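In structure tokens, one chain follows: the form deposited in one PDB entry.
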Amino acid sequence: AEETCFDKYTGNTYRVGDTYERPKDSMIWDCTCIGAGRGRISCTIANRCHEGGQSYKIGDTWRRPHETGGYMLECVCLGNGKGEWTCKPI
């Protein structure tokens, strides 16, 4: 037995030092059972986009051909706690 945290969103009990993914509201948070005597959990959310094997900061842009269309796209990383991006024709 070790000190634990209980995550009401995954429904699981973790031991202090465990790290895990918490699906919440169509996001994935990256969490750690800290404990701190009180079952305290620390979670971070990604503020970056991952597209086509590249990583982008929020506000970064990139251009690429559409994969079946062949017309150029300009894309921007939005983030929104989901690694969301948007592309449009150029």
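Don't overthink the numbering: it's just position in the shown sequence, from 1.
Quick note: we don't show the form deposited in another entry, though the next part is all about it.
Considering the motion between the shown form and the other one, the entry in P23, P65, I45, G59 that lies on the hinge linking the two rigid parts is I45. The pair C33 and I58 is at least 3 angstroms closer at the CA level in the other entry than in the present model.
Pairwise change in the other entry: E84 and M27 C-alpha atoms lie farther apart than in the shown form, at least 3 Å.
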